[PDB]
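Trainee: Just one file: structure.txt, with compact mmCIF, N, CA and C atoms and all ligand atoms.
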# COMPACT_ATOMS: atom_id res chain seq x y z
N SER Z 7 17.99 23.67 -4.62
CA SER Z 7 18.00 22.92 -5.93
C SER Z 7 17.69 21.44 -5.69
N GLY Z 8 17.41 20.70 -6.76
CA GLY Z 8 17.14 19.26 -6.65
C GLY Z 8 16.06 18.81 -7.64
N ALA Z 9 16.12 17.55 -8.01
CA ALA Z 9 15.23 16.97 -9.04
C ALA Z 9 14.84 15.56 -8.62
N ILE Z 10 13.76 15.08 -9.19
CA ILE Z 10 13.36 13.64 -9.13
C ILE Z 10 13.75 13.06 -10.48
N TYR Z 11 14.50 11.95 -10.52
CA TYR Z 11 14.91 11.25 -11.76
C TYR Z 11 14.18 9.91 -11.81
N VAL Z 12 13.07 9.86 -12.51
CA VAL Z 12 12.22 8.66 -12.66
C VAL Z 12 12.13 8.32 -14.15
N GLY Z 13 12.41 7.07 -14.51
CA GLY Z 13 12.44 6.69 -15.94
C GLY Z 13 13.33 7.61 -16.76
N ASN Z 14 12.80 8.13 -17.88
CA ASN Z 14 13.51 9.14 -18.71
C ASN Z 14 12.92 10.52 -18.46
N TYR Z 15 12.54 10.79 -17.21
CA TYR Z 15 12.03 12.13 -16.81
C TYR Z 15 12.86 12.74 -15.68
N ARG Z 16 12.98 14.06 -15.73
CA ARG Z 16 13.55 14.95 -14.68
C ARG Z 16 12.45 15.88 -14.21
N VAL Z 17 12.08 15.78 -12.93
CA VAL Z 17 11.03 16.63 -12.31
C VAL Z 17 11.72 17.67 -11.47
N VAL Z 18 11.53 18.95 -11.82
CA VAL Z 18 12.11 20.11 -11.10
C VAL Z 18 11.03 21.11 -10.73
N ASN Z 19 11.40 22.03 -9.85
CA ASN Z 19 10.59 23.25 -9.64
C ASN Z 19 10.56 24.06 -10.95
N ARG Z 20 9.38 24.42 -11.41
CA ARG Z 20 9.27 25.22 -12.66
C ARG Z 20 10.13 26.47 -12.55
N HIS Z 21 10.16 27.10 -11.36
CA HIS Z 21 10.89 28.38 -11.21
C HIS Z 21 12.41 28.19 -11.26
N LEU Z 22 12.92 26.96 -11.11
CA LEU Z 22 14.36 26.64 -11.20
C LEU Z 22 14.71 25.91 -12.50
N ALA Z 23 13.78 25.72 -13.44
CA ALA Z 23 14.07 24.98 -14.69
C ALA Z 23 15.18 25.70 -15.50
N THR Z 24 16.07 24.93 -16.09
CA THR Z 24 17.19 25.44 -16.94
C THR Z 24 16.71 25.62 -18.37
N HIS Z 25 17.52 26.29 -19.20
CA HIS Z 25 17.28 26.33 -20.66
C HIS Z 25 17.18 24.90 -21.23
N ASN Z 26 18.06 23.99 -20.82
CA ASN Z 26 18.02 22.62 -21.36
C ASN Z 26 16.67 21.96 -20.97
N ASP Z 27 16.18 22.21 -19.76
CA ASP Z 27 14.84 21.71 -19.36
C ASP Z 27 13.74 22.23 -20.33
N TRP Z 28 13.70 23.53 -20.58
CA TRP Z 28 12.69 24.14 -21.49
C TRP Z 28 12.86 23.63 -22.93
N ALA Z 29 14.10 23.34 -23.36
CA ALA Z 29 14.36 22.84 -24.73
C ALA Z 29 14.01 21.36 -24.88
N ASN Z 30 13.76 20.67 -23.76
CA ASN Z 30 13.47 19.21 -23.75
C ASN Z 30 12.22 18.99 -22.92
N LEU Z 31 11.23 19.84 -23.10
CA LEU Z 31 10.06 19.94 -22.20
C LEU Z 31 9.10 18.79 -22.46
N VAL Z 32 8.58 18.17 -21.39
CA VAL Z 32 7.49 17.17 -21.45
C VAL Z 32 6.20 17.84 -21.00
N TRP Z 33 6.19 18.57 -19.88
CA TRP Z 33 4.97 19.11 -19.23
C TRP Z 33 5.36 20.17 -18.21
N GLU Z 34 4.60 21.25 -18.14
CA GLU Z 34 4.84 22.25 -17.09
C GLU Z 34 3.50 22.79 -16.61
N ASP Z 35 3.45 23.19 -15.34
CA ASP Z 35 2.23 23.73 -14.71
C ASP Z 35 2.65 24.78 -13.68
N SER Z 36 2.45 26.05 -14.01
CA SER Z 36 2.81 27.20 -13.15
C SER Z 36 2.02 27.14 -11.83
N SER Z 37 0.74 26.79 -11.88
CA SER Z 37 -0.14 26.67 -10.68
C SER Z 37 0.43 25.68 -9.66
N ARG Z 38 1.22 24.71 -10.10
CA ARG Z 38 1.79 23.63 -9.22
C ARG Z 38 3.28 23.86 -8.95
N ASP Z 39 3.92 24.83 -9.60
CA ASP Z 39 5.39 25.04 -9.61
C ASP Z 39 6.13 23.78 -10.05
N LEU Z 40 5.64 23.09 -11.09
CA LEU Z 40 6.27 21.86 -11.57
C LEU Z 40 6.65 21.96 -13.06
N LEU Z 41 7.80 21.40 -13.39
CA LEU Z 41 8.21 21.20 -14.79
C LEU Z 41 8.92 19.87 -14.93
N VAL Z 42 8.61 19.16 -16.02
CA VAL Z 42 9.21 17.85 -16.33
C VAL Z 42 9.87 17.91 -17.69
N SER Z 43 11.13 17.50 -17.76
CA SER Z 43 11.92 17.41 -19.02
C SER Z 43 12.36 15.98 -19.28
N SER Z 44 12.78 15.69 -20.52
CA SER Z 44 13.23 14.34 -20.91
C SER Z 44 14.73 14.18 -20.63
N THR Z 45 15.15 12.97 -20.28
CA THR Z 45 16.58 12.65 -20.00
C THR Z 45 17.04 11.54 -20.95
N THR Z 46 18.33 11.52 -21.26
CA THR Z 46 18.92 10.43 -22.07
C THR Z 46 19.13 9.22 -21.16
N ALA Z 47 19.61 9.41 -19.93
CA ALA Z 47 19.84 8.30 -18.97
C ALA Z 47 18.57 8.00 -18.15
N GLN Z 48 18.37 6.73 -17.78
CA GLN Z 48 17.26 6.31 -16.90
C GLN Z 48 17.60 6.61 -15.44
N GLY Z 49 16.65 7.18 -14.70
CA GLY Z 49 16.80 7.52 -13.28
C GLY Z 49 16.44 6.37 -12.34
N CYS Z 50 16.78 6.56 -11.06
CA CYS Z 50 16.65 5.52 -10.00
C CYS Z 50 15.56 5.81 -8.98
N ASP Z 51 14.94 6.98 -9.03
CA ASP Z 51 13.82 7.28 -8.13
C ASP Z 51 12.55 6.55 -8.58
N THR Z 52 11.77 6.11 -7.60
CA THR Z 52 10.41 5.52 -7.75
C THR Z 52 9.38 6.48 -7.17
N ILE Z 53 8.22 6.64 -7.79
CA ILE Z 53 7.15 7.50 -7.26
C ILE Z 53 6.21 6.71 -6.37
N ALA Z 54 5.89 7.28 -5.22
CA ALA Z 54 4.88 6.75 -4.28
C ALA Z 54 3.48 6.87 -4.87
N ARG Z 55 2.67 5.81 -4.73
CA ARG Z 55 1.26 5.82 -5.15
C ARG Z 55 0.44 5.45 -3.91
N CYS Z 56 0.02 6.45 -3.14
CA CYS Z 56 -0.46 6.27 -1.73
C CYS Z 56 -1.09 7.55 -1.20
N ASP Z 57 -1.63 7.53 0.05
CA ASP Z 57 -2.18 8.74 0.71
C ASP Z 57 -1.49 8.91 2.07
N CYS Z 58 -0.24 8.43 2.19
CA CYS Z 58 0.67 8.80 3.31
C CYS Z 58 0.59 10.31 3.62
N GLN Z 59 0.58 10.62 4.92
CA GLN Z 59 0.63 12.00 5.43
C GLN Z 59 1.81 12.11 6.40
N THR Z 60 2.68 11.10 6.44
CA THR Z 60 3.99 11.13 7.15
C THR Z 60 5.12 10.69 6.21
N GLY Z 61 6.27 11.32 6.36
CA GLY Z 61 7.43 10.98 5.53
C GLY Z 61 8.65 11.72 5.99
N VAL Z 62 9.63 11.88 5.11
CA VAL Z 62 10.93 12.49 5.46
C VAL Z 62 11.32 13.39 4.31
N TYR Z 63 11.80 14.60 4.58
CA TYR Z 63 12.26 15.47 3.50
C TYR Z 63 13.73 15.90 3.68
N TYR Z 64 14.38 16.23 2.58
CA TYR Z 64 15.78 16.75 2.60
C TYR Z 64 15.77 18.28 2.64
N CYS Z 65 16.46 18.83 3.63
CA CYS Z 65 16.65 20.30 3.84
C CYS Z 65 18.11 20.70 3.59
N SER Z 66 18.40 21.27 2.43
CA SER Z 66 19.80 21.60 2.02
C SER Z 66 20.40 22.66 2.97
N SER Z 67 19.61 23.57 3.51
CA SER Z 67 20.07 24.62 4.45
C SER Z 67 20.45 24.07 5.82
N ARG Z 68 20.21 22.79 6.10
CA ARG Z 68 20.60 22.09 7.34
C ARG Z 68 21.45 20.85 7.05
N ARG Z 69 21.68 20.48 5.79
CA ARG Z 69 22.23 19.13 5.43
C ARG Z 69 21.58 18.03 6.28
N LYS Z 70 20.27 17.99 6.32
CA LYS Z 70 19.56 17.08 7.24
C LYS Z 70 18.29 16.61 6.56
N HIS Z 71 17.96 15.35 6.80
CA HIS Z 71 16.62 14.79 6.50
C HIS Z 71 15.77 14.86 7.76
N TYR Z 72 14.56 15.39 7.67
CA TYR Z 72 13.64 15.59 8.80
C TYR Z 72 12.37 14.76 8.59
N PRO Z 73 11.93 13.99 9.61
CA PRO Z 73 10.61 13.40 9.59
C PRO Z 73 9.54 14.45 9.83
N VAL Z 74 8.49 14.38 9.01
CA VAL Z 74 7.37 15.37 9.05
C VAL Z 74 6.02 14.66 8.91
N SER Z 75 5.00 15.29 9.48
CA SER Z 75 3.58 15.12 9.15
C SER Z 75 3.19 16.22 8.19
N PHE Z 76 2.46 15.91 7.12
CA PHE Z 76 2.09 16.91 6.10
C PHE Z 76 0.62 16.76 5.74
N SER Z 77 0.06 17.87 5.30
CA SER Z 77 -1.36 17.99 4.90
C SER Z 77 -1.57 17.30 3.55
N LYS Z 78 -2.81 16.98 3.24
CA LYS Z 78 -3.17 16.41 1.92
C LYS Z 78 -3.03 17.50 0.87
N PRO Z 79 -2.72 17.15 -0.39
CA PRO Z 79 -2.52 18.17 -1.41
C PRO Z 79 -3.78 19.05 -1.55
N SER Z 80 -3.55 20.34 -1.57
CA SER Z 80 -4.60 21.37 -1.43
C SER Z 80 -4.26 22.58 -2.29
N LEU Z 81 -5.24 23.49 -2.38
CA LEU Z 81 -5.07 24.84 -2.95
C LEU Z 81 -4.77 25.78 -1.78
N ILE Z 82 -3.55 26.32 -1.75
CA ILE Z 82 -2.98 27.12 -0.61
C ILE Z 82 -2.59 28.50 -1.15
N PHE Z 83 -3.03 29.57 -0.49
CA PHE Z 83 -2.52 30.93 -0.78
C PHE Z 83 -1.07 31.01 -0.33
N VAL Z 84 -0.17 31.27 -1.29
CA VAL Z 84 1.29 31.42 -1.07
C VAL Z 84 1.67 32.89 -1.28
N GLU Z 85 2.42 33.46 -0.33
CA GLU Z 85 2.83 34.89 -0.34
C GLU Z 85 3.74 35.15 -1.55
N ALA Z 86 3.65 36.36 -2.10
CA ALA Z 86 4.50 36.83 -3.22
C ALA Z 86 5.96 36.53 -2.89
N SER Z 87 6.73 36.07 -3.87
CA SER Z 87 8.19 35.81 -3.78
C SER Z 87 8.90 36.41 -4.99
N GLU Z 88 10.21 36.17 -5.08
CA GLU Z 88 11.09 36.51 -6.22
C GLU Z 88 10.57 35.84 -7.51
N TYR Z 89 9.84 34.72 -7.40
CA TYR Z 89 9.46 33.86 -8.56
C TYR Z 89 7.97 33.92 -8.91
N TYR Z 90 7.07 34.16 -7.95
CA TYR Z 90 5.61 34.24 -8.20
C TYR Z 90 4.99 35.36 -7.37
N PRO Z 91 3.90 35.99 -7.87
CA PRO Z 91 3.08 36.88 -7.06
C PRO Z 91 2.28 36.09 -6.02
N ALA Z 92 1.64 36.80 -5.09
CA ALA Z 92 0.72 36.23 -4.08
C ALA Z 92 -0.42 35.54 -4.83
N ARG Z 93 -0.59 34.23 -4.64
CA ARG Z 93 -1.48 33.42 -5.50
C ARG Z 93 -1.85 32.13 -4.78
N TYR Z 94 -2.78 31.38 -5.39
CA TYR Z 94 -3.18 30.03 -4.95
C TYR Z 94 -2.32 29.02 -5.72
N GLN Z 95 -1.50 28.28 -4.97
CA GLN Z 95 -0.69 27.19 -5.56
C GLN Z 95 -1.50 25.93 -5.34
N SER Z 96 -1.67 25.10 -6.38
CA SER Z 96 -2.45 23.86 -6.26
C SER Z 96 -1.54 22.67 -5.99
N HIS Z 97 -2.14 21.59 -5.51
CA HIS Z 97 -1.48 20.29 -5.22
C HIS Z 97 -0.30 20.52 -4.25
N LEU Z 98 -0.46 21.43 -3.31
CA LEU Z 98 0.58 21.78 -2.30
C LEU Z 98 0.25 21.17 -0.94
N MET Z 99 1.26 20.60 -0.25
CA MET Z 99 1.12 19.97 1.07
C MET Z 99 2.01 20.74 2.05
N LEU Z 100 1.51 21.05 3.24
CA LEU Z 100 2.24 21.86 4.23
C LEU Z 100 2.67 21.01 5.41
N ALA Z 101 3.87 21.32 5.93
CA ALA Z 101 4.38 20.73 7.17
C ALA Z 101 5.13 21.81 7.94
N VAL Z 102 5.44 21.48 9.18
CA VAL Z 102 6.26 22.34 10.05
C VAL Z 102 7.71 21.93 9.83
N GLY Z 103 8.52 22.85 9.34
CA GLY Z 103 9.94 22.56 9.13
C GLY Z 103 10.63 23.74 8.53
N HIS Z 104 11.96 23.68 8.47
CA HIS Z 104 12.81 24.76 7.93
C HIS Z 104 12.87 24.67 6.40
N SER Z 105 12.68 25.80 5.69
CA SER Z 105 12.73 25.87 4.21
C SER Z 105 13.09 27.29 3.74
N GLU Z 106 14.36 27.48 3.35
CA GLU Z 106 14.89 28.70 2.69
C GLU Z 106 14.72 28.56 1.18
N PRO Z 107 14.68 29.68 0.41
CA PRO Z 107 14.36 29.60 -1.02
C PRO Z 107 15.17 28.53 -1.77
N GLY Z 108 16.47 28.42 -1.47
CA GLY Z 108 17.39 27.43 -2.07
C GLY Z 108 17.12 25.98 -1.66
N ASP Z 109 16.24 25.72 -0.69
CA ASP Z 109 15.88 24.33 -0.31
C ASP Z 109 14.91 23.74 -1.35
N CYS Z 110 14.29 24.57 -2.17
CA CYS Z 110 13.39 24.05 -3.24
C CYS Z 110 14.11 22.94 -4.01
N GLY Z 111 13.41 21.81 -4.26
CA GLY Z 111 13.94 20.67 -5.02
C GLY Z 111 14.30 19.48 -4.14
N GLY Z 112 14.44 19.70 -2.84
CA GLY Z 112 14.65 18.60 -1.90
C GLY Z 112 13.49 17.61 -1.95
N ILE Z 113 13.78 16.33 -1.90
CA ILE Z 113 12.72 15.28 -1.98
C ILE Z 113 12.03 15.08 -0.65
N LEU Z 114 10.70 14.95 -0.73
CA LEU Z 114 9.89 14.36 0.35
C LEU Z 114 9.54 12.93 -0.05
N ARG Z 115 9.76 11.97 0.84
CA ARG Z 115 9.50 10.54 0.54
C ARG Z 115 8.82 9.86 1.71
N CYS Z 116 8.14 8.77 1.37
CA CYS Z 116 7.48 7.87 2.34
C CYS Z 116 7.96 6.44 2.11
N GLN Z 117 7.36 5.50 2.86
CA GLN Z 117 7.68 4.05 2.76
C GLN Z 117 7.52 3.55 1.31
N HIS Z 118 6.70 4.21 0.49
CA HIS Z 118 6.36 3.73 -0.88
C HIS Z 118 7.26 4.36 -1.94
N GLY Z 119 7.92 5.50 -1.63
CA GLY Z 119 8.78 6.14 -2.62
C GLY Z 119 8.70 7.66 -2.54
N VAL Z 120 9.05 8.33 -3.65
CA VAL Z 120 9.03 9.82 -3.71
C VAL Z 120 7.60 10.34 -3.72
N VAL Z 121 7.32 11.34 -2.89
CA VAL Z 121 5.98 11.96 -2.72
C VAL Z 121 5.95 13.29 -3.44
N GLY Z 122 7.01 14.10 -3.33
CA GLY Z 122 7.06 15.40 -3.98
C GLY Z 122 8.36 16.10 -3.69
N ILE Z 123 8.40 17.40 -3.97
CA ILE Z 123 9.64 18.22 -3.81
C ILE Z 123 9.29 19.49 -3.05
N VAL Z 124 10.27 20.01 -2.35
CA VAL Z 124 10.09 21.31 -1.64
C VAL Z 124 9.76 22.38 -2.69
N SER Z 125 8.72 23.16 -2.43
CA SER Z 125 8.18 24.24 -3.31
C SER Z 125 8.01 25.56 -2.53
N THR Z 126 7.79 25.55 -1.20
CA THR Z 126 7.51 26.79 -0.39
C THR Z 126 8.13 26.68 1.02
N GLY Z 127 8.21 27.80 1.77
CA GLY Z 127 8.80 27.75 3.13
C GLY Z 127 8.62 29.03 3.94
N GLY Z 128 9.42 29.17 5.01
CA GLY Z 128 9.42 30.35 5.90
C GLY Z 128 8.50 30.16 7.09
N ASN Z 129 8.75 30.89 8.18
CA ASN Z 129 7.82 30.96 9.33
C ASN Z 129 7.81 29.61 10.05
N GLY Z 130 8.79 28.74 9.78
CA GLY Z 130 8.83 27.37 10.31
C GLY Z 130 7.87 26.45 9.58
N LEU Z 131 7.41 26.85 8.38
CA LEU Z 131 6.60 26.01 7.45
C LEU Z 131 7.45 25.56 6.26
N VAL Z 132 7.10 24.40 5.73
CA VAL Z 132 7.64 23.88 4.44
C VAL Z 132 6.48 23.31 3.64
N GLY Z 133 6.38 23.71 2.37
CA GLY Z 133 5.36 23.25 1.43
C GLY Z 133 5.99 22.35 0.38
N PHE Z 134 5.27 21.29 0.02
CA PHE Z 134 5.76 20.29 -0.95
C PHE Z 134 4.80 20.21 -2.13
N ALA Z 135 5.33 20.33 -3.35
CA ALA Z 135 4.58 20.07 -4.60
C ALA Z 135 4.40 18.56 -4.76
N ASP Z 136 3.16 18.07 -4.65
CA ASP Z 136 2.85 16.64 -4.76
C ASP Z 136 3.08 16.16 -6.20
N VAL Z 137 3.56 14.93 -6.36
CA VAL Z 137 3.64 14.31 -7.72
C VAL Z 137 2.93 12.96 -7.77
N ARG Z 138 2.25 12.54 -6.70
CA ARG Z 138 1.69 11.17 -6.61
C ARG Z 138 0.53 10.95 -7.61
N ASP Z 139 -0.13 12.01 -8.03
CA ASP Z 139 -1.25 11.91 -9.01
C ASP Z 139 -0.71 11.83 -10.45
N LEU Z 140 0.57 12.09 -10.71
CA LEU Z 140 1.13 12.11 -12.08
C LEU Z 140 1.49 10.67 -12.47
N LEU Z 141 0.49 9.87 -12.84
CA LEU Z 141 0.70 8.43 -13.08
C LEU Z 141 1.56 8.21 -14.31
N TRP Z 142 1.54 9.14 -15.26
CA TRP Z 142 2.33 9.02 -16.50
C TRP Z 142 3.83 9.05 -16.23
N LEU Z 143 4.28 9.54 -15.06
CA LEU Z 143 5.74 9.49 -14.75
C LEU Z 143 6.25 8.04 -14.78
N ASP Z 144 5.37 7.05 -14.57
CA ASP Z 144 5.77 5.61 -14.49
C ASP Z 144 5.81 4.90 -15.85
N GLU Z 145 5.50 5.56 -16.97
CA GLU Z 145 5.55 4.89 -18.31
C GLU Z 145 6.20 5.78 -19.38
N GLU Z 146 6.45 5.22 -20.57
CA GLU Z 146 6.63 5.94 -21.87
C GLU Z 146 7.59 7.12 -21.67
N1 LIG Z 201 6.43 27.99 -5.10
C1 LIG Z 201 6.45 29.24 -4.62
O1 LIG Z 201 5.57 30.07 -4.88
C2 LIG Z 201 7.61 29.58 -3.70
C3 LIG Z 201 8.79 30.19 -4.47
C4 LIG Z 201 10.00 30.35 -3.54
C5 LIG Z 201 9.62 31.14 -2.30
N2 LIG Z 201 8.41 30.62 -1.64
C6 LIG Z 201 8.34 30.29 -0.35
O2 LIG Z 201 7.29 29.96 0.19
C7 LIG Z 201 9.57 30.39 0.52
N3 LIG Z 201 9.75 31.45 1.35
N4 LIG Z 201 10.92 31.36 2.06
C8 LIG Z 201 11.50 30.23 1.68
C9 LIG Z 201 10.70 29.55 0.71
BR1 LIG Z 201 11.10 27.86 -0.03
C10 LIG Z 201 7.27 30.54 -2.56
ZN ZN Z 202 3.34 6.32 1.05
Rewrite the structure of this file - the entire thing - as structure tokens.
Ligand SMILES: NC(=O)[C@H]1CCCN(C(=O)c2[nH]ncc2Br)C1
Ligand SMILES: [Zn+2]

Mentor:
Amino acid sequence: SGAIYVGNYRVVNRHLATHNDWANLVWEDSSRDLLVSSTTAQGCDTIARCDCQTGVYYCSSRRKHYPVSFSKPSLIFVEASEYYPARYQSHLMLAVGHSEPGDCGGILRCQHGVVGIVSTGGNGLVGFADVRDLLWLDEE
């Protein structure tokens, strides 16, 4: 589990969105595993606007932050899971690291701010849903 709280937005994994998220929906994209809902309180996270390929992510199954090198956001074939069939997930970045299904929502960050959230894992891989292209998270 886990969310990004930027301005009056909550960014979660689409597959973990709550009823309250769907009832307060701003934007969702199944291809990216992303959903954004509106919040009453202002959040403290800042979004990175950069092409960093190194950063640090939170792994709930280890209670640990790990430094990683990650790929540029891409279209990646992701194996069928409890939440999606075998498909191409877009805007996904891959690194070597531990990721169990419940690690989804952990933040990946760089020197500039939040880069994305854990979206995929297994086999000693971890995939991150990028949010750096979502410039509207910074206004309105
Ligand atoms: N966005 C997706 O399609 C995800 C959904 C959860 C499962 N997915 C994984 O890769 C995964 N496997 N083991 C741990 C993890 Br995390 C695929
Ligand atoms: Zn950066």

Trainee: Taking only C-alpha atoms and all ligand atoms into account, which residues have an atom no farther than 7 Å from ligand LIG 201 (chain Z)? I'd like them as an MDAnalysis selection string.

Mentor: chainID Z and resid 39 84:90 95 105:110 124:128 132

Trainee: Take atom C of residue Z:28 and atom N of residue Z:10 and report the distance between them in Å, one decimal.

Mentor: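 Distance reported for this atom pair: 16.2 Å.
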
Trainee: Please write out, as AutoDock Vina command-line options, where the centre of an axis-aligned box around all listed atoms of stretch 28-42 of chain Z lies and how long its edges are, in Å to one decimal, after adding 5 Å on each side.

Mentor:
--center_x 7.1 --center_y 22.2 --center_z -16.9 --size_x 24.5 --size_y 20.0 --size_z 25.9

Trainee: Around ligand ZN 202 (chain Z), at most 5 Å away and counting only N, CA and C atoms and all ligand atoms, which residues are there? Put them as a PyMOL selection string, please.

Mentor: chain Z and resi 56+58+116-118

Trainee: Could you tell me how far atom CA of residue Z:73 lies from atom CA of residue Z:15, in Å and to one decimal?

Mentor: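 Computing it gives 26.5 Å between the two atoms.
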
Trainee: Nearest to residue Z:129 among Z:47, Z:33, Z:100, Z:141, with distances taken over only C-alpha atoms: which residue is it?

Mentor: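 Nearest to residue Z:129: Z:100.
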
Trainee: For residue Z:113, which residue among Z:41, Z:99, Z:9, Z:32 is the nearest when counting only C-alpha atoms?

Mentor: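 Of the candidates, the smallest distance to residue Z:113 is held by Z:9.
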
Trainee: Of the residues Z:12, Z:62, Z:98, Z:121, which is the one nearest to residue Z:37, using all atoms listed in the file?

Mentor: Z:98

Trainee: Could you add whatever atoms are missing so that stretch 65-77 of chain Z carries N, CA, C and O atoms, then write the result as a short mmCIF file (atom, residue, chain, number, x, y, z; two decimals), in the frame of the given file?

Mentor:
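Output file out35.cif is given in full below:
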data_model
loop_
_atom_site.label_atom_id
_atom_site.label_comp_id
_atom_site.auth_asym_id
_atom_site.auth_seq_id
_atom_site.Cartn_x
_atom_site.Cartn_y
_atom_site.Cartn_z
N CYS Z 65 16.46 18.83 3.63
CA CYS Z 65 16.65 20.30 3.84
C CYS Z 65 18.11 20.70 3.59
O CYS Z 65 18.96 20.44 4.49
N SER Z 66 18.40 21.27 2.43
CA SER Z 66 19.80 21.60 2.02
C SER Z 66 20.40 22.66 2.97
O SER Z 66 21.62 22.50 3.26
N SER Z 67 19.61 23.57 3.51
CA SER Z 67 20.07 24.62 4.45
C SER Z 67 20.45 24.07 5.82
O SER Z 67 20.90 24.86 6.66
N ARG Z 68 20.21 22.79 6.10
CA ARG Z 68 20.60 22.09 7.34
C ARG Z 68 21.45 20.85 7.05
O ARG Z 68 21.84 20.17 8.02
N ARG Z 69 21.68 20.48 5.79
CA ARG Z 69 22.23 19.13 5.43
C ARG Z 69 21.58 18.03 6.28
O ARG Z 69 22.29 17.17 6.84
N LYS Z 70 20.27 17.99 6.32
CA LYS Z 70 19.56 17.08 7.24
C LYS Z 70 18.29 16.61 6.56
O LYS Z 70 17.58 17.45 5.92
N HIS Z 71 17.96 15.35 6.80
CA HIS Z 71 16.62 14.79 6.50
C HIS Z 71 15.77 14.86 7.76
O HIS Z 71 16.21 14.39 8.84
N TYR Z 72 14.56 15.39 7.67
CA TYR Z 72 13.64 15.59 8.80
C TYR Z 72 12.37 14.76 8.59
O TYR Z 72 11.75 14.87 7.53
N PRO Z 73 11.93 13.99 9.61
CA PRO Z 73 10.61 13.40 9.59
C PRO Z 73 9.54 14.45 9.83
O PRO Z 73 9.67 15.27 10.76
N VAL Z 74 8.49 14.38 9.01
CA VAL Z 74 7.37 15.37 9.05
C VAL Z 74 6.02 14.66 8.91
O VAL Z 74 5.91 13.68 8.16
N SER Z 75 5.00 15.29 9.48
CA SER Z 75 3.58 15.12 9.15
C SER Z 75 3.19 16.22 8.19
O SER Z 75 3.58 17.36 8.42
N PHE Z 76 2.46 15.91 7.12
CA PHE Z 76 2.09 16.91 6.10
C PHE Z 76 0.62 16.76 5.74
O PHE Z 76 0.04 15.67 5.86
N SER Z 77 0.06 17.87 5.30
CA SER Z 77 -1.36 17.99 4.90
C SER Z 77 -1.57 17.30 3.55
O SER Z 77 -0.64 17.08 2.80
#
